[PDB]
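First, one chain by itself: the form deposited in one PDB entry, in structure tokens.
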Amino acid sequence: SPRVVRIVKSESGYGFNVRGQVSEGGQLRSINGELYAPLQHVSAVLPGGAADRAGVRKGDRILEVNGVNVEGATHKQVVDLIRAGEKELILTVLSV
């Protein structure tokens, strides 16, 4: 089930990495038995960092960034959205 997480930048930034496709759209993939267009995902979480402390986990699939739907998004679109805020990030994630 999707959930919303709020992350406040610390000195180590937010403390997580995102990996995913370069292109927009593409073949549907089932995540937890539900079909979605391709989703960028959390590929690493710094132990003790802001994302870790906020409950973000490696493998989390990213559905929204700062209230903007990023289903099927390009990597660049998701990077730019994560950096949109000066010190706060709100994610809608699906854990696997």
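C-alpha atoms forming the largest set that superposes within 1.5 Å between two forms make up the rigid core. Only residues modelled in both forms are compared. The first residue of the shown sequence is 1; numbering continues from there.
Colleague: Using only the Cα atoms and their B-factors as the entry lists them, report which of 71-79 and 6-14 averages higher.
Modeller: Taking the mean B-factor of the alpha carbons in each, 6-14 is higher.
Colleague: Of 53-61 and 39-47, which one has the bigger average CA B-factor?
Modeller: According to the PDB entry, the answer is 53-61.
Colleague: Compared with the other modelled residues in the chain, in which third is the CA B-factor of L94?
Modeller: Its C-alpha B-factor belongs to the middle third of this chain's values.
Below, we turn to the form deposited in another entry, even though it does not appear here.
Colleague: With the two forms fitted on the rigid core, I'd like to know which residue in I31, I62, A50, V45 is displaced by 2 angstroms or more at its CA between the shown form and the other one.
Modeller: Result of the comparison: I31.
Colleague: After superposing on the rigid core, which segments of 3 or more consecutive residues have every C-alpha shifted by 2 Å or more between the shown form and the other one?
Modeller: Only this run moves by 2 Å or more: 27-35.
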